[PDB]
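Heads up: the sequence shown at position 164 corresponds to 164 in the entry's author numbering, and the numbers run straight through without jumps. Idealized CB from N, CA, C, for every residue including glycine. Let me begin by presenting the structure, written as structure tokens, before commenting on it.
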Amino acid sequence: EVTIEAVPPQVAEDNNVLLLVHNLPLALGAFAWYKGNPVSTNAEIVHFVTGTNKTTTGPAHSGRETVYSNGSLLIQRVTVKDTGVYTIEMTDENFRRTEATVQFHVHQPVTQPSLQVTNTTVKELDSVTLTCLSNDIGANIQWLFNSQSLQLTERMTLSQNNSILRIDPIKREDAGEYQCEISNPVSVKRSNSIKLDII
Ligand SMILES: *[C@@H]1O[C@H](CO)[C@@H](O[C@@H]2O[C@H](CO)[C@@H](O)[C@H](O)[C@H]2NC(C)=O)[C@H](O)[C@H]1NC(C)=O
């Protein structure tokens, strides 16, 4: 059976993907790539005929998609709108058709976040709130302590998708350096550190 893999499965905006088809039958009459599944005429990206080397761009072409005779499709300069599933439909020497599906997700890279704190000097048993300042909607926020992952406890409280970390009551051992790290499957950035002095 044929199998495709996205190269890469997760893709930055403006980068490329190869839809890499393994085990394309050798005796294909033609194949064609369609946006989404199941196969529809509107969705046709490209149609390639084996014997004649003839390409015809469908309604879904956007001037970025290149087909190779080995079945694989290169999409260059991707957008988040290109996310989703794609199908190759293959007609054999007779006129029998087979399908194969593949998907890939494309993300915008995360922007550089900042770390503000309510107060650097604070008294044991006070509260303190750290805020990860990012414009990035729907990004993954993780917290760090002296360059390693923060072990969360009963004393802590994450709000607004982890951008607000409040610690209460603070303790002798919370003294250290804090960063927030912001990520998606394609990119990651760390904030400035905030040093914290306890008394
Ligand atoms: C099918 O065709 C494509 C393009 O001819 C091949 O992809 C290239 O091969 C290697 C492996 O990914 C890379 O060094 C090239 O840069 C690739 N081209 C790209 C990403 O456009 C692919 O290997 C071929 N082979 C198959 C399907 O077995």
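Beta-carbon spacing of residue i, residue j below 7 Å
| i | j | result |
| --- | --- | --- |
| residue 166 | residue 129 | yes |
| residue 135 | residue 101 | no |
| residue 60 | residue 45 | yes |
| residue 114 | residue 141 | no |
| residue 12 | residue 186 | yes |
| residue 5 | residue 39 | no |
| residue 209 | residue 133 | An answer regarding residue 209 cannot be provided, because it is not within the stretch 1 to 199 covered by the chain. |
beta-carbon residue i near ligand 1 non-hydrogen atom, thresh 6 Å
| i | result |
| --- | --- |
| residue 86 | no |
| residue 72 | yes |
| residue 158 | no |
Residue i in three-state terms, based on DSSP
| i | result |
| --- | --- |
| residue 172 | helix |
| residue 81 | helix |
| residue 26 | coil |
| residue 45 | strand |
| residue 104 | strand |
| residue 127 | coil |
| residue 159 | strand |
| residue 152 | coil |
| residue 92 | strand |
| residue 76 | coil |
Range covered by the beta strand (DSSP E) that runs through residue i
| i | result |
| --- | --- |
| residue 116 | 114–117 |
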